[PDB]
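Printed here is model-v5.cif (mmCIF, C-alpha atoms and all ligand atoms):
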data_structure
loop_
_atom_site.group_PDB
_atom_site.id
_atom_site.type_symbol
_atom_site.label_atom_id
_atom_site.label_comp_id
_atom_site.auth_asym_id
_atom_site.auth_seq_id
_atom_site.Cartn_x
_atom_site.Cartn_y
_atom_site.Cartn_z
ATOM 1 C CA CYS A 1 121.094 164.528 109.989
ATOM 2 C CA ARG A 2 118.259 163.383 112.233
ATOM 3 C CA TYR A 3 119.269 162.562 115.796
ATOM 4 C CA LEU A 4 117.418 161.727 119.009
ATOM 5 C CA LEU A 5 118.683 162.154 122.566
ATOM 6 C CA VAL A 6 117.927 159.181 124.814
ATOM 7 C CA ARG A 7 118.362 160.159 128.450
ATOM 8 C CA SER A 8 118.704 156.655 129.929
ATOM 9 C CA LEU A 9 122.207 155.596 130.978
ATOM 10 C CA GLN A 10 123.249 152.463 129.082
ATOM 11 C CA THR A 11 126.504 150.898 127.960
ATOM 12 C CA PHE A 12 127.769 151.539 124.444
ATOM 13 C CA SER A 13 126.580 148.259 122.923
ATOM 14 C CA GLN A 14 123.271 148.660 124.755
ATOM 15 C CA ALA A 15 122.845 152.139 123.279
ATOM 16 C CA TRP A 16 123.893 150.969 119.812
ATOM 17 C CA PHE A 17 121.361 148.135 119.773
ATOM 18 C CA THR A 18 118.854 150.306 121.652
ATOM 19 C CA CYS A 19 118.899 152.740 118.732
ATOM 20 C CA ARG A 20 118.528 149.797 116.346
ATOM 21 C CA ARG A 21 115.886 148.125 118.513
ATOM 22 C CA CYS A 22 113.626 151.046 119.404
ATOM 23 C CA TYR A 23 114.132 153.452 116.487
ATOM 24 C CA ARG A 24 115.763 151.292 113.772
ATOM 25 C CA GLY A 25 118.878 153.445 113.468
ATOM 26 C CA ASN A 26 122.330 153.512 115.070
ATOM 27 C CA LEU A 27 124.470 155.673 117.317
ATOM 28 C CA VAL A 28 124.886 159.082 115.721
ATOM 29 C CA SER A 29 127.593 159.387 113.056
ATOM 30 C CA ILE A 30 128.888 162.963 112.958
ATOM 31 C CA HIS A 31 130.358 164.116 109.640
ATOM 32 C CA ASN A 32 130.710 167.894 110.107
ATOM 33 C CA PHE A 33 130.729 170.692 112.660
ATOM 34 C CA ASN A 34 127.128 171.791 112.101
ATOM 35 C CA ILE A 35 125.768 168.439 113.267
ATOM 36 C CA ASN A 36 128.235 168.446 116.155
ATOM 37 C CA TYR A 37 126.888 171.831 117.230
ATOM 38 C CA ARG A 38 123.220 170.895 116.854
ATOM 39 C CA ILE A 39 123.929 167.730 118.840
ATOM 40 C CA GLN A 40 125.791 169.917 121.328
ATOM 41 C CA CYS A 41 122.712 172.146 121.458
ATOM 42 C CA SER A 42 120.553 169.116 122.287
ATOM 43 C CA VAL A 43 122.823 168.080 125.185
ATOM 44 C CA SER A 44 123.162 171.445 126.915
ATOM 45 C CA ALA A 45 120.714 170.463 129.678
ATOM 46 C CA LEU A 46 122.111 166.993 130.430
ATOM 47 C CA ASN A 47 123.625 166.721 133.889
ATOM 48 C CA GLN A 48 125.762 163.912 132.476
ATOM 49 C CA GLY A 49 129.000 165.399 131.194
ATOM 50 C CA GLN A 50 129.152 162.972 128.268
ATOM 51 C CA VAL A 51 126.999 161.085 125.775
ATOM 52 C CA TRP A 52 127.731 158.095 123.552
ATOM 53 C CA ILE A 53 128.047 158.325 119.776
ATOM 54 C CA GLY A 54 128.898 155.842 117.049
ATOM 55 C CA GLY A 55 132.677 156.215 117.224
ATOM 56 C CA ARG A 56 134.997 153.271 117.795
ATOM 57 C CA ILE A 57 138.779 153.322 118.161
ATOM 58 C CA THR A 58 138.733 149.810 116.687
ATOM 59 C CA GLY A 59 142.250 148.533 116.074
ATOM 60 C CA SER A 60 143.861 145.128 116.593
ATOM 61 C CA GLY A 61 146.286 146.028 119.373
ATOM 62 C CA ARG A 62 147.598 149.453 118.339
ATOM 63 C CA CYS A 63 146.035 149.989 114.921
ATOM 64 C CA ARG A 64 143.642 152.442 116.622
ATOM 65 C CA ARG A 65 141.440 152.972 113.566
ATOM 66 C CA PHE A 66 138.565 155.317 114.390
ATOM 67 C CA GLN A 67 135.325 154.047 112.863
ATOM 68 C CA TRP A 68 131.597 154.736 113.087
ATOM 69 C CA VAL A 69 129.126 151.990 113.959
ATOM 70 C CA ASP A 70 126.908 153.224 111.124
ATOM 71 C CA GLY A 71 129.624 152.326 108.606
ATOM 72 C CA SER A 72 129.938 155.862 107.239
ATOM 73 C CA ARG A 73 133.415 157.213 106.577
ATOM 74 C CA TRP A 74 135.525 158.968 109.221
ATOM 75 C CA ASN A 75 136.280 162.435 107.838
ATOM 76 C CA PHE A 76 135.607 164.758 110.803
ATOM 77 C CA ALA A 77 136.460 164.849 114.493
ATOM 78 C CA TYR A 78 136.182 167.493 117.213
ATOM 79 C CA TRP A 79 138.638 166.093 119.738
ATOM 80 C CA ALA A 80 139.065 167.666 123.156
ATOM 81 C CA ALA A 81 142.331 168.996 124.509
ATOM 82 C CA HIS A 82 144.645 166.264 125.807
ATOM 83 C CA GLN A 83 142.658 163.777 123.694
ATOM 84 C CA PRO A 84 142.449 161.204 122.191
ATOM 85 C CA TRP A 85 145.603 159.285 123.190
ATOM 86 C CA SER A 86 147.112 157.549 126.222
ATOM 87 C CA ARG A 87 143.748 157.689 127.998
ATOM 88 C CA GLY A 88 140.169 156.477 127.878
ATOM 89 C CA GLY A 89 138.615 153.245 126.689
ATOM 90 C CA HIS A 90 137.619 152.000 123.257
ATOM 91 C CA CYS A 91 134.307 153.869 122.866
ATOM 92 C CA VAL A 92 133.895 157.568 122.087
ATOM 93 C CA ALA A 93 131.729 159.931 124.136
ATOM 94 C CA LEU A 94 130.791 163.520 123.305
ATOM 95 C CA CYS A 95 131.316 165.927 126.197
ATOM 96 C CA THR A 96 128.124 167.853 126.936
ATOM 97 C CA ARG A 97 130.045 170.985 127.983
ATOM 98 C CA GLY A 98 131.629 172.442 124.858
ATOM 99 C CA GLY A 99 130.885 169.496 122.597
ATOM 100 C CA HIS A 100 134.398 168.044 122.410
ATOM 101 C CA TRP A 101 134.781 164.305 121.932
ATOM 102 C CA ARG A 102 136.305 162.027 124.571
ATOM 103 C CA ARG A 103 137.480 158.428 124.844
ATOM 104 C CA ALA A 104 135.415 156.458 127.357
ATOM 105 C CA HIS A 105 135.206 152.825 128.395
ATOM 106 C CA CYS A 106 132.357 151.098 126.591
ATOM 107 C CA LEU A 107 131.055 149.504 129.796
ATOM 108 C CA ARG A 108 130.286 152.985 131.160
ATOM 109 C CA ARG A 109 126.569 153.807 131.293
ATOM 110 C CA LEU A 110 125.977 157.247 129.764
ATOM 111 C CA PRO A 111 123.213 158.919 127.749
ATOM 112 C CA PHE A 112 123.420 158.530 123.996
ATOM 113 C CA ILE A 113 122.285 159.982 120.677
ATOM 114 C CA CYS A 114 120.313 157.810 118.259
ATOM 115 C CA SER A 115 120.101 158.628 114.563
ATOM 116 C CA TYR A 116 117.102 157.782 112.402
HETATM 117 CL CL CL B 201 136.744 149.238 126.689
#
Full structure transcribed into structure tokens:
Amino acid sequence: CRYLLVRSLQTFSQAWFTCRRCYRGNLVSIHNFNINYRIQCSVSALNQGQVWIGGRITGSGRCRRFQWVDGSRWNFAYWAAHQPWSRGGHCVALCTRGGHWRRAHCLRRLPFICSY
């Protein structure tokens, strides 16, 4: 899986369409632990504690159906302790320290990982 770290802080939608606009891809869609580690390796120097990825807790009310923007299936997740319920927004963000996933509010401006 090819992935590119963009260091500019942008909202989720911004990042999503930024990946599509600049590199013709999407926000990274992680499907195993290897990619999660390599992506964790690429975000070991980021001061920002989190980075956006393609995850979406998209559910009408309380359906809370995790889904990737890229459309790929949702078969893997590396959730942090005390996650991912009763906290956070609708958009997922990978914690730079450790590599565990979080739930963040989409309007937050954080670095992101573009796939290509
Ligand atoms: Cl939100």
Expanded to explicit residues, what is the PyMOL selection byres (((chain A and resi 67-83) around 10) and not hetatm) for this file, as a ChimeraX atom specification? /A:16,25-33,36,53-59,64-66,84-88,92,94-95,98-103,115
With all atoms listed in the file as the basis for distance, which of A:106, A:112, A:60, A:51 is at the shortest distance from ligand CL 201 (chain B)?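 Ranking A:106, A:112, A:60, A:51 by distance to ligand CL 201 (chain B), first place goes to A:106.
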d(CA of residue 105 in chain A, CA of residue 18 in chain A) in Å: 17.9 Å
Using all atoms listed in the file, which residues of the polymer chains come no farther than 8 Å from ligand CL 201 (chain B)? I'd like the answer as a list in words. residues 89, 90, 91, 104, 105, 106 and 107 of chain A
Could you write those residues out with C-alpha atoms, as a compact mmCIF listing (two decimals), in the coordinates of the input?
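For reference, selection25.txt as written:
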# COMPACT_ATOMS: atom_id res chain seq x y z
CA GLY A 89 138.62 153.24 126.69
CA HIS A 90 137.62 152.00 123.26
CA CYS A 91 134.31 153.87 122.87
CA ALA A 104 135.42 156.46 127.36
CA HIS A 105 135.21 152.82 128.40
CA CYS A 106 132.36 151.10 126.59
CA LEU A 107 131.06 149.50 129.80
Quick one: pull the distance between CA of residue 35 in chain A and CA of residue 49 in chain A, Å, one decimal. 18.5 Å
Measure the distance from CA of residue 17 in chain A to CA of residue 45 in chain A in Å and round it to one decimal. 24.4 Å
Just write range 36-54 of chain A with N, CA and C atoms, as a short mmCIF file (atom, residue, chain, number, x, y, z; two decimals), in the first residue's frame, taken from the block above.
data_model
loop_
_atom_site.label_atom_id
_atom_site.label_comp_id
_atom_site.auth_asym_id
_atom_site.auth_seq_id
_atom_site.Cartn_x
_atom_site.Cartn_y
_atom_site.Cartn_z
N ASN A 36 -0.38 -0.46 9.04
CA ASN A 36 -0.56 0.41 10.19
C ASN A 36 0.78 0.73 10.84
N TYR A 37 1.69 -0.24 10.85
CA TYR A 37 3.01 0.01 11.41
C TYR A 37 3.83 0.93 10.51
N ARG A 38 3.89 0.61 9.22
CA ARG A 38 4.63 1.46 8.29
C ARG A 38 4.10 2.88 8.32
N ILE A 39 2.78 3.05 8.37
CA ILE A 39 2.21 4.38 8.52
C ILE A 39 2.58 4.97 9.87
N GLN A 40 2.63 4.13 10.91
CA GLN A 40 3.09 4.60 12.21
C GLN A 40 4.56 4.99 12.14
N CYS A 41 5.36 4.27 11.35
CA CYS A 41 6.76 4.63 11.18
C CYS A 41 6.90 6.00 10.53
N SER A 42 6.02 6.31 9.58
CA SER A 42 6.08 7.57 8.85
C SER A 42 5.58 8.75 9.67
N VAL A 43 4.95 8.52 10.81
CA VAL A 43 4.40 9.60 11.62
C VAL A 43 5.02 9.57 13.01
N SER A 44 6.28 9.14 13.09
CA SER A 44 6.99 9.14 14.36
C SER A 44 7.63 10.48 14.67
N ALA A 45 7.78 11.35 13.68
CA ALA A 45 8.38 12.67 13.87
C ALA A 45 7.35 13.79 13.96
N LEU A 46 6.08 13.50 13.71
CA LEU A 46 5.06 14.54 13.71
C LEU A 46 4.79 15.01 15.13
N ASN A 47 4.94 16.31 15.36
CA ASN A 47 4.53 16.88 16.64
C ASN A 47 3.07 16.60 16.90
N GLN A 48 2.23 16.72 15.88
CA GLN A 48 0.81 16.45 16.01
C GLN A 48 0.59 15.03 16.50
N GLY A 49 -0.19 14.88 17.56
CA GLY A 49 -0.44 13.57 18.13
C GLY A 49 -1.32 12.68 17.29
N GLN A 50 -1.92 13.20 16.22
CA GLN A 50 -2.88 12.44 15.44
C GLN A 50 -2.76 12.81 13.97
N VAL A 51 -3.30 11.93 13.12
CA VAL A 51 -3.36 12.17 11.68
C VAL A 51 -4.64 11.55 11.16
N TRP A 52 -5.22 12.17 10.13
CA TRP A 52 -6.46 11.68 9.55
C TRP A 52 -6.20 10.48 8.65
N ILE A 53 -7.17 9.57 8.62
CA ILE A 53 -7.21 8.47 7.67
C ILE A 53 -8.63 8.37 7.13
N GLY A 54 -8.86 7.39 6.27
CA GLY A 54 -10.12 7.29 5.55
C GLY A 54 -11.30 6.74 6.32
#
